[PDB]
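Here you get one chain, nothing else, as structure tokens; it is the form deposited in one PDB entry.
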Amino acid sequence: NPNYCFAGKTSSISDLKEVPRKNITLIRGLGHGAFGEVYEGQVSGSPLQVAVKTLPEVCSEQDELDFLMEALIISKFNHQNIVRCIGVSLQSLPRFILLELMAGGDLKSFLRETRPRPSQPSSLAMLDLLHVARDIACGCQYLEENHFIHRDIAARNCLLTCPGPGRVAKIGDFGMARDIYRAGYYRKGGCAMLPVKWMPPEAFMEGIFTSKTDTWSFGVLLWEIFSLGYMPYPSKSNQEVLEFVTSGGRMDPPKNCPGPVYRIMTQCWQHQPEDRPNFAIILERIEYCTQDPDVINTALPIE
């Protein structure tokens, strides 16, 4: 089996908790992707509710190895703000990875669906946004401290435990990091698939990735959060953004975005990586924003 190393420990398939296929029931599809399905499931021998990620049976050996590595990567993290791997069912087909069920869904969809609307809702506030930001920043700090570069921080890759009050946001997708870990580069993708709009100059120009490249991405995620799920650089294509960003162009504040929050974004988007804050500092700054009554009492725009 292909190995995986994290935080000074090497692991393989045999260290994943295999759960008997007989113990797993699929309840409903949760909006499948183009490669692999995701289901709400239940594990019961007081049953454990889970997300079930599947591997298409029609796939290459490379795809299978990639699937195994995703399981390994996620299983070796230990943090509140990173989705848990409950186990795997690799000894039957189709292969399954069992994940913490994130009933609030992905953060981009959540923001879009829950953004104040001139009708029945308007139950989301600045504090909810700051809490999601802090949650993900905590996860990012953990990755930074463990020398793990995510490479693809973006709202689509963050998940919510539930839609209501008490939601916790967590990093839930590690496909890019997995791809680079296995191949050393984006072998499966190409220019059109790269998350250009989330990448700093040294990443898209030189292919240099560090924790400061996650800092930049996190700045874009912050804009996604505070814009309530808008696509970054809304009027621009990937190449236009590449040109815009390299020449010093940055996004304007999202509508109604408090100054102190936008300032965090602009700090994350410093041209020179050494000038960008690490995640400890980002966390401190988010927490300070959360302390400011003028920040948290700011109304979100109604569509």
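In case it trips you up, residue 1 is the first one in the sequence shown, and so on.
Keep in mind the form solved in complex with a small molecule is missing from the figure; the text below concerns it.
Contact annotation for residue 197: none of its heavy atoms lies within 4.5 Å of the small molecule in the deposited complex. Contact between residue 51 and the small molecule in the deposited complex is found at the 4.5 Å heavy atom cutoff. Although the partner is absent here, residue 95 sits far enough away that none of its heavy atoms falls within 4.5 Å of the small molecule in the deposited complex. Although the partner is absent here, residue 105 is a contact residue: one of its heavy atoms lies within 4.5 angstroms of the small molecule in the deposited complex. In terms of contact with the small molecule in the deposited complex, the residue from 90, 228, 126, 83 that brings a heavy atom within 4.5 Å is 83. The candidate site formed by 2, 9 and 182 is entirely out of contact with the small molecule in the deposited complex, as no residue has a non-hydrogen atom within 4.5 angstroms of it.
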